[PDB]
Amino acid sequence: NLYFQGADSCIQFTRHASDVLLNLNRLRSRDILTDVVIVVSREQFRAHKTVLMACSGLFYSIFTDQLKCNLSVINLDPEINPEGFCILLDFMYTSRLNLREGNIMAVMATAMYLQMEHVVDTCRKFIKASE
Ligand SMILES: Nc1ncnc(Nc2ccccc2)n1
């Protein structure tokens with residue numbers, strides 16, 4: 001699965017980016033090279049800082065701060081919904097957002113807190129649709 005693109009007809013691999021995420025998610029599943037624990041409502045989630053900061057303005061802020069980037073444990077606001085966070089973390093590693101009637105408000109609040117603008121805009125659009 002490859003194709004050509006641009007002024008220099010460079011070869012692009014269609015599945016490369018998704019294959020990288022698949023492999024990063026496999027690392028996460030096996031706890032390989034995870035370098036941070038996120039604590040949400042007394043539940044712990046192991047992850048890779050680079051993936052978190054690639055997806056979230058809040059994590060980008062934290063992990064580019066000279067002081068804060070040395071923490072191996074990051075606590076979130078205790079009002080954040082841990083399912084909401086799990087849904088968003090899974091999205092970071094898969095591109096798949098498991099949005100449902102019963103979780104959309106929690107997901108949207110969590111995505112606001114995490115500064116995940118495209119997810120927030122998507123939640124808003126689904127909410128507007130059901131008004
Ligand atoms: N997480 C994960 N799982 C499986 N394989 C890899 N990387 C890899 C292994 C062999 C050849 C090419 C890539 N990463």
Side-chain angles (χ1 to χ4, degrees):
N1 280 194
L2 64 93
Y3 63 92
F4 295 99
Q5 192 273 153
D8 280 30
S9 62
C10 201
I11 299 157
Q12 186 153 347
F13 282 63
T14 306
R15 295 285 172 254
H16 177 73
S18 56
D19 282 350
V20 167
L21 276 182
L22 181 75
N23 287 345
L24 293 172
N25 204 25
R26 286 168 175 161
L27 299 183
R28 179 170 69 108
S29 286
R30 302 164 118 64
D31 201 40
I32 298 171
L33 268 60
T34 49
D35 57 4
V36 72
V37 179
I38 309 307
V39 183
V40 187
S41 200
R42 307 184 177 74
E43 287 172 338
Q44 295 181 12
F45 297 82
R46 295 201 57 96
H48 301 96
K49 293 180 179 174
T50 52
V51 175
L52 294 182
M53 73 200 294
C55 298
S56 158
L58 180 68
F59 289 123
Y60 189 83
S61 177
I62 295 164
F63 301 134
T64 57
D65 181 279
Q66 292 186 143
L67 189 63
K68 300 160 190 151
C69 73
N70 299 133
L71 295 175
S72 64
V73 178
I74 300 293
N75 298 282
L76 304 190
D77 180 342
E79 296 187 10
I80 295 287
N81 184 316
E83 178 89 299
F85 182 75
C86 187
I87 290 162
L88 290 172
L89 183 62
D90 284 341
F91 167 74
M92 295 181 188
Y93 279 87
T94 69
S95 318
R96 297 189 308 269
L97 185 70
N98 178 36
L99 211 52
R100 301 207 156 98
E101 182 70 11
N103 72 26
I104 186 165
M105 298 311 291
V107 171
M108 190 178 63
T110 312
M112 293 172 70
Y113 172 73
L114 295 178
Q115 303 168 33
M116 292 171 77
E117 174 194 304
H118 293 128
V119 174
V120 177
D121 291 346
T122 297
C123 290
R124 279 172 176 152
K125 275 180 248 184
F126 278 69
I127 291 161
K128 205 213 301 201
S130 68
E131 290 176 345

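In what follows, residues are counted from 1 in the order of the sequence shown. These values consider heavy atoms only, across backbone and side chains, with no hydrogens, waters or symmetry-generated copies.
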Engineer: Just verifying a value: how many Å separate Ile80 CD1 and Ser41 OG, rounded to the nearest 0.5 Å?
Structural biologist: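 It is 10.0 Å, given to the nearest 0.5 Å.
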Engineer: Please find the pair of heavy atoms, one from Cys123 and one from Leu99, that lie closest to each other, and give the distance.
Structural biologist: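 Shortest heavy-atom contact: SG-CD1, 4.0 Å.
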Engineer: Look only at the side chain of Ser9 and the backbone of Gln5, and say whether a donor-acceptor pair between them is shorter than 3.5 Å.
Structural biologist: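 No, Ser9 side chain to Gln5 backbone: no donor-acceptor pair under 3.5 Å.
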Engineer: Supply the atom-to-atom distance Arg46 CZ to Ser72 OG, rounded to the nearest 0.5 angstrom.
Structural biologist: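 Interatomic distance, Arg46 CZ to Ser72 OG, rounded to 0.5 Å: 8.0 Å.
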Engineer: Are the side chain of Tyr113 and the backbone N or O of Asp77 linked by a donor-acceptor pair below 3.5 Å?
Structural biologist: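 A pair under 3.5 Å: yes.
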Engineer: Search all heavy atoms of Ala111 against all heavy atoms of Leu88 and return the closest pair with its distance.
Structural biologist: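 Answer, listing the atom of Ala111 first, then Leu88: N-CD1, 3.5 Å.
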Engineer: Considering residues, nucleotides and ligands other than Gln115, do more than 12 of their heavy atoms fall under 6.0 Å from its CD?
Structural biologist: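 Buried by this count: over 12 neighbours within 6.0 Å.
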Engineer: For a quick test of reading the model, state the closest non-hydrogen atom pair linking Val73 to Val36 and the distance between them.
Structural biologist: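 Nearest heavy atoms, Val73 then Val36: N-CG2, 4.5 Å.
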Engineer: Salt bridge or not between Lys49 and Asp35? Use side-chain N to carboxylate O under 4.0 Å.
Structural biologist: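 Salt bridge flag = no for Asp35 with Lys49.
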Engineer: Can any side-chain N or O of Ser56 pair as donor or acceptor with the backbone N or O of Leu114 at less than 3.5 Å?
Structural biologist: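 Yes, because the side chain of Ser56 sits within donor-acceptor range (under 3.5 Å) of the backbone of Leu114.
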Engineer: Please work out whether the ring planes of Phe85 and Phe59 are parallel, tilted or perpendicular, with thresholds of 30° and 60°.
Structural biologist: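 Answer is perpendicular, since the angle exceeds 60°.
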Engineer: Where do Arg26 and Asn23 come nearest, in terms of heavy atoms and distance?
Structural biologist: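 So the two residues come closest at NH1-OD1, 2.9 Å.
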Engineer: Main chain of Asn98, side chain of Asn103: is a donor-acceptor contact present, judged purely on distance under 3.5 Å?
Structural biologist: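 Side chain of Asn103 to backbone of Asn98: a pair is present.
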Engineer: If you measure from CD1 on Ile74 to CG on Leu52, what distance do you get to the nearest 0.5 Å?
Structural biologist: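 If I round to the nearest 0.5 Å, the distance is 9.5 Å.
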Engineer: Rest of the hydrophobic cluster containing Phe4 (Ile/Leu/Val/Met/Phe/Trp/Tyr, side-chain heavy atoms under 4.5 Å)?
Structural biologist: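 Reading the cluster by chain and number, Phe4 sits alongside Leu2, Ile11, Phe13.
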Engineer: I need the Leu24 CG to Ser29 OG distance, nearest 0.5 Å.
Structural biologist: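 Spacing of CG (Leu24) from OG (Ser29) equals 11.0 Å.
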Engineer: On the six-membered ring of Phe91, is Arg96 placed so that its NZ or CZ lies under 6.0 angstrom from the centre and within 45° of the ring axis?
Structural biologist: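 Judged by the rule (NZ or CZ under 6.0 Å from the ring centre, within 45° of its axis), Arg96 is not positioned above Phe91.
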Engineer: Measuring from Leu67:CG to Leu71:CG, what's the distance to the nearest 0.5 Å?
Structural biologist: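 Result: 7.0 Å between the selected atoms.
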Engineer: If you count heavy atoms of other groups shown closer than 6.0 angstrom to CZ of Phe45, is the number above 12?
Structural biologist: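 Enclosed.
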Engineer: Has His48 got a side-chain atom pairing as donor or acceptor with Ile32's backbone, closer than 3.5 angstrom?
Structural biologist: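 Pair found, side chain donor or acceptor close to backbone of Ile32.
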Engineer: Using the side chain to side chain donor-acceptor pair (under 3.5 Å) rule, collect all pairs that involve residues 10-22, keeping only residues at least two apart or in two chains.
Structural biologist: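 For residues 10-22: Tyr3-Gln12.
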Engineer: Taking the side chain as every heavy atom from C-beta outward, state whether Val119 and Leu97 have any atom pair closer than 4.5 Å.
Structural biologist: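 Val119 vs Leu97: side chains touch.
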Engineer: With a sphere of 6.0 Å drawn around CG of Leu33, does it hold more than 12 non-hydrogen atoms of other residues, nucleotides or ligands?
Structural biologist: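 Not buried by this count: 12 neighbours or fewer within 6.0 Å.
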Engineer: Would you kindly confirm whether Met105 and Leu76 end up in one hydrophobic cluster when ILVMFWY residues are joined by side chain heavy atoms under 4.5 Å apart?
Structural biologist: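 Yes, one cluster joins them.
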Engineer: Drop me the distance from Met92's CE to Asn25's CG, to the nearest 0.5 angstrom.
Structural biologist: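 Here the rounded value is 12.0 Å.
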Engineer: Look at the side chain of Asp90 and the backbone N and O of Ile87, then say whether any donor-acceptor pair between them is shorter than 3.5 Å.
Structural biologist: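 Side chain of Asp90 to backbone of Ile87: no pair is present.
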